[PDB]
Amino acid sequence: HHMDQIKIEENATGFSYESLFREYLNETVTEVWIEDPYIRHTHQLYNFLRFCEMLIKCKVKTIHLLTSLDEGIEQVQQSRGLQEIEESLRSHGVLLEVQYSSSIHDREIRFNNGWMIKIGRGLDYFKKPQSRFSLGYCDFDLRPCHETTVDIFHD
């Protein structure tokens, strides 16, 4: 069932993952699935980390990530980054399962309460900060966004 459509306008703020996922996430959620072909660059690896921080801060014990393995220069940090996130989650009693596919195109987030969130840009919807010390560098509610569509579904 298609439940809602949220339009994130160009340069819009108030879209941290905490703000965006709020309505669909509650204490009953114990398992999460994320399909995103673009978790390779530093900022994309940190976006996934912040998504995991939100889920554990909330009773998630299992996170599944389906992504594409980087073929080039990003491969080393992508591997080191994803293994570090998995080890940090393990230390929190959380299982992270990473699967790779070069044939993935869909961007989909699924919670075991039945909610599904499809973002056009996946988790990678923020613009680069104006500077190294600009407001919104750390608090993503103050970070301007790229124009994107968020589609909400329920099982």
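In case it trips you up, residue 1 is the first one in the sequence shown, and so on.
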Q. In this entry, is the chain continuous from residue 43 to residue 44, or are deposited residues missing in between (none, 1 to 3, 4 to 9, 10 or more)?
A. none
Q | Comparing 31-39 with 105-113, the one whose average Cα B-factor in the PDB entry is higher | A | 105-113
(Q) Test of understanding: from the entry's C-alpha B-factors, which stretch has the higher mean, 116-124 or 96-104? (A) 96-104
(Q) According to the Cα B-factor stored in this entry, which of the following is highest: 64, 90, 59, 50? (A) 59
Q | Among modelled residues of the same chain, the CA temperature factor third for residue 69 | A | highest
Q: Could you look up the Cα B-factor of residue 82 in the entry and say which third of the chain it sits in: lowest, middle or highest?
A: lowest
(Q) Based on the deposited C-alpha B factors for this chain, I'd like to know if residue 140 is in the lowest, middle or highest third. (A) lowest
**Q.** Chain-wide C-alpha B factor ranking for residue 19, given as lowest, middle or highest third
**A.** middle
